[PDB]
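These notes are about the structure you will find just below.
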Amino acid sequence: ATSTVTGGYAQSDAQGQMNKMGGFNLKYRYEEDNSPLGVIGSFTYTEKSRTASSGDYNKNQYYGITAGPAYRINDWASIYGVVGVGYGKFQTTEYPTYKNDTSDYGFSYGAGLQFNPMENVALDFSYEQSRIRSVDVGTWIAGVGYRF
Ligand SMILES: CCCCCCCCOCCOCCOCCOCCO
Numbered sequence: 001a002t003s004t005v006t007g008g009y010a011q012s013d014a015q016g017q018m019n020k021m022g023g024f025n026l027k028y029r030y031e032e033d034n035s036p037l038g039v040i041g042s043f044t045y046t047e048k049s050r051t052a053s054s055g056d057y058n059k060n061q062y063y064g065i066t067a068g069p070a071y072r073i074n075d076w077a078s079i080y081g082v083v084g085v086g087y088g089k090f091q092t093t094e095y096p097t098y099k100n101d102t103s104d105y106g107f108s109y110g111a112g113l114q115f116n117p118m119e120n121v122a123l124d125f126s127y128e129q130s131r132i133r134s135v136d137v138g139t140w141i142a143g144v145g146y147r148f
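Following PDB author numbering, the numbering of the sequence shown begins with 1 at its first residue and continues without gaps.
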């Protein structure tokens, strides 16, 4: 049995003018030595904050917790699909002191590929999609790590 731990930059974009929002992603994958089928869990977090000249301030945070099956195609490539929950927390302050916060969970799902350019190294690329209330958040991920 082996495990693969990867991490890297994540970047979210929602339909509706909610520009790019940067963060990170971590995945923990587990494989058995004698089956191509394993499991992978994924943690994603992005955020963006903005303060206008008017004094107004906005802060958006996105969390995605997903997991699913991972299939090893050959020695250097595997594919995976994940499902779970997405959480969005949106903070807004109308200067000087009017605040309004909203948060809610939604379904999240994703798919990715992991390459092993050397047996102990992993290059991970995935996309994650969540629907929180009516906003659709899409997040691209590129990570790296070790298999051990
Ligand atoms: C979106 C990407 C694809 C989603 C990955 C789904 C991968 C699920 O597995 C598909 C293949 O089925 C697995 C085989 O388990 C049997 C192996 O042999 C067992 C030991 O004797």
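A virtual CB, placed ideally from N, CA and C, is assigned to each residue, including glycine.
Is residue i close to ligand 1? I mean its beta-carbon at under 7 Å from any heavy atom of the ligand.
{"i": "residue 34", "result": "yes"}
{"i": "residue 30", "result": "no"}
{"i": "residue 77", "result": "no"}
{"i": "residue 81", "result": "yes"}
{"i": "residue 69", "result": "yes"}
{"i": "residue 1", "result": "no"}
{"i": "residue 37", "result": "yes"}
{"i": "residue 111", "result": "yes"}
Could you pull the DSSP bridge partners for residue i from this structure?
{"i": "residue 58", "result": "50 and 92"}
{"i": "residue 32", "result": "According to DSSP, residue 32 bridges with nothing at all."}
{"i": "residue 19", "result": "Paired residue(s): none; residue 19 is not in a bridge."}
{"i": "residue 132", "result": "135"}
{"i": "residue 40", "result": "29 and 68"}
Using a Cβ-Cβ cutoff of less than 6 Å, which residues in the same chain neighbour residue i once the five nearest sequence positions on both sides are dropped?
{"i": "residue 87", "result": "63 and 105"}
{"i": "residue 149", "result": "Absent from the model: residue 149. The displayed extent of the chain is 1 to 148, so no value can be given."}
{"i": "residue 40", "result": "27, 29, 70 and 80"}
{"i": "residue 72", "result": "36 and 78"}
{"i": "residue 14", "result": "135 and 137"}
Considering residue i, what are the terminal residues of the beta strand (DSSP E) in which it resides?
{"i": "residue 147", "result": "135-147"}
{"i": "residue 7", "result": "2-14"}
Spatial neighbours of residue i within its chain, please: CB distance less than 7 Å, with the 5 preceding and 5 following residues excluded, ordered by chain position.
{"i": "residue 131", "result": "106 and 107"}
For this session: Write down every uninterrupted run of the beta strand (DSSP E) in the stretch 93-125 whose length is 3 residues or greater and which is fully enclosed by it, in chain order.
Result: Runs found: 98-115.
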